[PDB]
Amino acid sequence: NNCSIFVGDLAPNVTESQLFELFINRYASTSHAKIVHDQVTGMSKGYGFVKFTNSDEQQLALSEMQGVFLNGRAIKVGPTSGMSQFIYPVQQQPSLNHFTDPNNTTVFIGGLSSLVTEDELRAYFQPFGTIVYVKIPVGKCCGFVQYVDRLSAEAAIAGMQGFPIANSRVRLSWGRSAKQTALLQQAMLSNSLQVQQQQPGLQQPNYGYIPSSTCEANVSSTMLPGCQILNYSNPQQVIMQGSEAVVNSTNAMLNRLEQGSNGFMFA
Amino acid sequence: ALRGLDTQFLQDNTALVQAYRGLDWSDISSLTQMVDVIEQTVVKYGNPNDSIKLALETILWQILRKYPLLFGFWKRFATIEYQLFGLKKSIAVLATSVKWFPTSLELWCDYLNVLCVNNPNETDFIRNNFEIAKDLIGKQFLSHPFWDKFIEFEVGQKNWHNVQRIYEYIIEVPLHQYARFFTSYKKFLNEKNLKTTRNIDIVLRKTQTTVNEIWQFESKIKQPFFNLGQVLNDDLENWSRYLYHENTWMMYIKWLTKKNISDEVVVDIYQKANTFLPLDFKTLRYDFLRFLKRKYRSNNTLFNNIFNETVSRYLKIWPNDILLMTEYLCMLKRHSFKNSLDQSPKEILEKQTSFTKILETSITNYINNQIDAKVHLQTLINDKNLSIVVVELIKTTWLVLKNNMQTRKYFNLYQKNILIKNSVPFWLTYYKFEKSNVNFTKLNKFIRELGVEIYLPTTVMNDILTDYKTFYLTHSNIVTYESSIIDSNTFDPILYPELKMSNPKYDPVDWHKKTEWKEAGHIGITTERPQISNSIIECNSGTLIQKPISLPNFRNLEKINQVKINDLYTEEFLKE
Amino acid sequence: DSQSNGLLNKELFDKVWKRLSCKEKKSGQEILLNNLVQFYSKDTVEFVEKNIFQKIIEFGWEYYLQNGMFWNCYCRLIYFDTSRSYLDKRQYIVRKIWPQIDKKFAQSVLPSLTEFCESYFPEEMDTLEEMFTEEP
């Protein structure tokens, strides 16, 4: 619930530790407490906020601290939050499946003919973005393509939909990883919870990375914003983006054409 | 797959055969079939095979138990208990046992006598030699065991010096030098013995396997290689494999190749690694193929048959591979039909025409579903690896025989096939052929069909479009370019290879009911959003003031909370 | 055969040769070597092999002699001719190219030339193997 109480008219010799001792551990459990001090002087202005988890304990603390002796003066611990037309919109949650997760960047591919390999399936989904693994289940005619970016997954689904691989139309949707699929199979065999977990984020902001950018290959980088600074390596580590990237990619694609004209690789 | 359930079923069958207290020939046959299935499905270590060998020896099946000892020795090289059981057996045998008891022991002298726990095998061989009246063979067996670093080296030397009372000190200086060398080797290996014995304990962790102590012992054996590192490294590799590890096998193969060893033992070790390790590795098979391609210059008779057997063993387990078919075609074109430059050109042209006719007949028989068991090419061609055979046929036809109309006839014949219409090297070879010619109409017919009917991977399509943007800007002019521009499909070969890089499908030229309006803000999940039909957001108020605006027409106002999800992941993968 | 001149123009070939003379400072060296061999004629392939490749053989620069992709592009230039037969260009490539390259410089050429020899010259594999073997 996180009920907030606003203590006011406090004394000057009352720090955040004394307010946390007077708020928490007295028939309640205050989650946070912060006294609003001055911006440049450092002295307290006499006001402070205390946010607790339960609303009943915060209401009991506000009813018990109404007029209590706080450093020689009153506490005034009445609540701050909790007929206008304008109210903020409130929403429920979609219970966190693998469709309604905005951080879910792995695409479930199906409808295969049990004939495509892993390197060839990497070669289908390589220029859409950087990639981490292309492993597929055996005998299940399906697979998993996990990117790093979500816009790369959007481009992959918007381009690769309706594309027949080996005379067999593709089915693109969302899905979890292999460990989460094993956890869902273990929780669905007994049918107790069958709860999923959200995919972890990127610990944003990230100034250096540019989305939907691939690089296969000393480095004197100027770190200019028009170019690229950092990138994810192709398996995996973090590489500094050099200037001789399009040259190495051109040499790599010419080598790929030379080795694919003969039959040394099918991808 | 479940080895524990198979071991429990074998133990239950053995308990039923022991509780039946009779012959139970059907139960004995079922137990033998279960033991054979467990030996074929698992590694069949000596600790689990000892009870099976004791049951086979008690059932008067020594002719079948002697054959199982070789399989138990090949399954576990560090099985000294199985070697001791085989040396204790075959004693009450026919007149060839004097040729069989030593030959079963000396074969263990090069496999398990280099270990620290081989003190009992030498004592069993000396006890077997003590039954005969040959004192020279016993003296040679005592001199051979005293020169090796064993556990009871001093006790064995004292027993060899006190037992042979007539030949105690015949050669004292050489036996003393051999005993001193064995004591120095034991004092050098005592550090690895204390590092391995004080850590080997079954606690279901890395200490029971002792990979660190085995790696340190392998590094110490690779460092102190004083002309005896081969057998010591083999014993260390057997002790590390007994306690599936591809890294230790690769390190042992590198140590055997660096020590300049013979090709026969290396090929036997490669065959044992291909047989004993499970499939889906794809790490040592290519290294073995490269070693065979390197050693084909030394020998050509056995190496070609070994490469054919390796290709037959690899294509039966990895059917979707494509480099193995290229290696097999290269080996068939190098070994079978060889023609140097010093020979006559007529015989070389006849050999090339015969190879092209054989490839064309193999492709026509595989297209017509007609097999020939006498030819290996009828069997080894798979439907995944048929297009690479077509590419080799096109290459041998056009780059050797020098015919254009025949090559275009093969192109018109083998483009309507179902299996090879969506293959990379066939269409890339057609692209290189049309690049070799000066024409551009077939090139534009190829790159216009490159996203419509010719379905290729996106990286390959990007490479073809980038190579066409490289080639066309350097070998064409505006006179050819302006005649190629058509307005039916807005096709322009300068700009059209740039837009087709992102998406594989691309059309050149009722919106609210399509599959793009519905999943615009979020992909994967479809929804029918409400909109206004007579929207006035585009008309300026200078035109909307001219007449009063009608009522807003509404649609999709009954789906403001309803959303549907095409859940394929649960229905096709979880619930099957 | 209605073949217009590409990179081998008087205002274009000098700009390519001014970049190819650096050998360590300017990247994109093999891109030109793979894109100067896309003519496939009788006299134009001779022209390309006379202007740059014979000149690299005459000067003997270290960077192009060390790299095997240079000799791979040079063999691809001759082997995809549209006027010669198979036996004459095969004898040309085997006899008058492979003894010309250095034996101690083959450590970086053999991973690039072995792929070309496995590609197009199957019976010429053991001949090239006996020329680059471990013993004299």
# chains A, B, ... in the order shown; residues from 1 in each chain; ligands from 1

$ interface_residues --of "chain B" --to "chain A" --cutoff "7 Å" --atoms "only C-alpha atoms" --output "number ranges by chain"
B: 320, 322-323, 326, 388, 422, 424-425, 428-429, 457-459, 463, 503-505, 523-524, 568-569

$ residues_around --residues "stretch 14-17 of chain A" --least-positions-apart "2" --cutoff "7 Å" --atoms "only C-alpha atoms" --output "PDB file with C-alpha atoms, in the first residue's frame"
ATOM      1  CA  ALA A  11      12.799  20.914  15.881  1.00  0.00           C
ATOM      2  CA  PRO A  12      16.216  21.682  14.363  1.00  0.00           C
ATOM      3  CA  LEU A  19      12.585  10.241  12.998  1.00  0.00           C
ATOM      4  CA  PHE A  20      13.183   6.662  11.822  1.00  0.00           C
ATOM      5  CA  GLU A  21      13.505   5.513  15.443  1.00  0.00           C
ATOM      6  CA  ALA A  33      11.674   7.968   6.219  1.00  0.00           C
ATOM      7  CA  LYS A  34      13.248  11.172   4.899  1.00  0.00           C
ATOM      8  CA  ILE A  35      13.285  14.676   6.374  1.00  0.00           C
ATOM      9  CA  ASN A  71      12.329  16.933  20.442  1.00  0.00           C
TER      10      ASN A  71
END

$ interface_residues --of "chain B" --to "chain C" --cutoff "8 Å" --atoms "only C-alpha atoms" --output "PDB file with C-alpha atoms, in the first residue's frame"
ATOM      1  CA  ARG B 297      49.509 -38.223 -48.851  1.00  0.00           C
ATOM      2  CA  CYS B 330      36.342 -34.019 -53.138  1.00  0.00           C
ATOM      3  CA  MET B 331      37.774 -37.365 -51.994  1.00  0.00           C
ATOM      4  CA  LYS B 333      37.193 -36.688 -57.396  1.00  0.00           C
ATOM      5  CA  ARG B 334      40.742 -36.854 -56.013  1.00  0.00           C
ATOM      6  CA  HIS B 335      41.260 -40.564 -55.309  1.00  0.00           C
ATOM      7  CA  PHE B 337      39.397 -40.233 -60.975  1.00  0.00           C
ATOM      8  CA  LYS B 338      42.877 -38.709 -60.805  1.00  0.00           C
ATOM      9  CA  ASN B 339      44.697 -37.192 -63.775  1.00  0.00           C
ATOM     10  CA  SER B 340      47.919 -35.193 -63.530  1.00  0.00           C
ATOM     11  CA  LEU B 341      49.053 -32.484 -65.943  1.00  0.00           C
ATOM     12  CA  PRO B 345      44.655 -34.467 -72.251  1.00  0.00           C
ATOM     13  CA  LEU B 399      34.104 -25.084 -65.862  1.00  0.00           C
ATOM     14  CA  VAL B 400      35.647 -28.191 -67.473  1.00  0.00           C
ATOM     15  CA  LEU B 401      33.649 -29.378 -70.491  1.00  0.00           C
ATOM     16  CA  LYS B 402      32.970 -25.744 -71.606  1.00  0.00           C
ATOM     17  CA  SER B 436      30.155 -14.450 -65.923  1.00  0.00           C
ATOM     18  CA  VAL B 438      27.596 -10.057 -69.997  1.00  0.00           C
ATOM     19  CA  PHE B 471      28.996  -5.462 -59.900  1.00  0.00           C
ATOM     20  CA  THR B 474      30.984  -1.134 -62.479  1.00  0.00           C
ATOM     21  CA  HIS B 475      29.845  -3.037 -65.593  1.00  0.00           C
ATOM     22  CA  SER B 476      26.824  -1.132 -66.931  1.00  0.00           C
TER      23      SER B 476
END

$ closest_atom_pairs --of "chain C" --to "chain A" --cutoff "7 Å" --atoms "only C-alpha atoms" --output "tab-separated table"
residue	atom	partner	partner_atom	distance
C:27	CA	A:247	CA	6.9
C:28	CA	A:247	CA	5.8
C:31	CA	A:251	CA	6.5
C:119	CA	A:262	CA	6.1

$ write_last_selection --atoms "N, CA and C atoms" --output "compact mmCIF listing (two decimals), in the first residue's frame"
# COMPACT_ATOMS: atom_id res chain seq x y z
N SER C 27 42.80 0.24 -45.43
CA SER C 27 42.05 -1.00 -45.43
C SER C 27 41.23 -1.13 -46.71
N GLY C 28 40.70 -2.33 -46.92
CA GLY C 28 39.94 -2.61 -48.13
C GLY C 28 40.85 -2.97 -49.28
N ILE C 31 39.27 -6.23 -51.08
CA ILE C 31 37.98 -5.92 -51.69
C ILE C 31 38.18 -5.50 -53.15
N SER C 119 38.41 -26.73 -53.69
CA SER C 119 37.26 -26.25 -54.44
C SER C 119 37.26 -26.74 -55.88

$ residues_around --residues "stretch 115-120 of chain B" --least-positions-apart "4" --cutoff "8 Å" --atoms "only C-alpha atoms" --output "list in words"
residues 80, 84, 124, 149, 150, 151, 152, 232 and 235 of chain B

$ residues_around --residues "stretch 8-21 of chain C" --least-positions-apart "4" --cutoff "9 Å" --atoms "only C-alpha atoms" --output "PyMOL selection string"
chain C and resi 26+29+32+36+47-48+52

$ write_last_selection --atoms "C-alpha atoms" --output "PDB file, in the first residue's frame"
ATOM      1  CA  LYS C  26      44.625   1.705 -46.072  1.00  0.00           C
ATOM      2  CA  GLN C  29      42.869  -4.105 -50.019  1.00  0.00           C
ATOM      3  CA  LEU C  32      39.541  -4.322 -54.785  1.00  0.00           C
ATOM      4  CA  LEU C  36      39.120  -6.133 -60.158  1.00  0.00           C
ATOM      5  CA  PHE C  47      45.080  -6.688 -69.221  1.00  0.00           C
ATOM      6  CA  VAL C  48      44.290  -6.997 -65.496  1.00  0.00           C
ATOM      7  CA  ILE C  52      48.804  -5.125 -61.379  1.00  0.00           C
TER       8      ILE C  52
END

$ closest_residue --among "C:100, C:72, C:107, C:51" --to "residue C:134" --atoms "only C-alpha atoms"
C:107

$ residues_around --residues "stretch 262-271 of chain B" --least-positions-apart "3" --cutoff "8 Å" --atoms "only C-alpha atoms" --output "list in words"
residues 253, 256, 257, 274, 275 and 288 of chain B

$ residues_around --residues "stretch 79-91 of chain A" --least-positions-apart "5" --cutoff "8 Å" --atoms "only C-alpha atoms" --output "ChimeraX atom specification"
/A:3-6,59,62

$ write_last_selection --atoms "N, CA, C and O atoms" --output "compact mmCIF listing (two decimals), in the first residue's frame"
# COMPACT_ATOMS: atom_id res chain seq x y z
N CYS A 3 1.62 3.60 2.59
CA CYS A 3 0.95 4.78 3.11
C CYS A 3 1.98 5.80 3.59
O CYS A 3 2.96 5.45 4.26
N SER A 4 1.77 7.07 3.23
CA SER A 4 2.70 8.14 3.53
C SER A 4 2.12 9.06 4.60
O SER A 4 0.94 9.42 4.54
N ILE A 5 2.96 9.42 5.57
CA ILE A 5 2.60 10.35 6.63
C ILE A 5 3.59 11.51 6.61
O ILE A 5 4.79 11.30 6.43
N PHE A 6 3.08 12.72 6.81
CA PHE A 6 3.88 13.94 6.74
C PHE A 6 3.98 14.54 8.14
O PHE A 6 3.03 15.16 8.63
N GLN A 59 -1.83 4.33 9.90
CA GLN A 59 -2.96 5.05 10.50
C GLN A 59 -2.90 5.00 12.02
O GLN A 59 -3.20 6.00 12.68
N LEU A 62 -0.16 7.43 13.01
CA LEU A 62 -0.62 8.81 12.90
C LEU A 62 -1.63 9.16 13.98
O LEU A 62 -1.70 10.32 14.41

$ atom_distance --atom1 "atom CA of residue C:136" --atom2 "atom CA of residue C:65"
21.4 Å

$ residues_around --residues "residue A:146" --least-positions-apart "3" --cutoff "7 Å" --atoms "only C-alpha atoms" --output "list in words"
residues 105, 106, 107, 131, 132 and 133 of chain A

$ select_by_dssp --residues "stretch 96-264 of chain A" --states "strand (DSSP E)" --output "list in words"
residues 106, 107, 108, 109, 110, 131, 132, 133, 142, 143, 144, 145, 146, 147, 171, 172, 173, 174, 230, 231, 232, 238, 239 and 240 of chain A

$ select_by_dssp --residues "stretch 3-116 of chain A" --states "alpha helix (DSSP H)" --output "PyMOL selection string"
chain A and resi 16-23+55-64
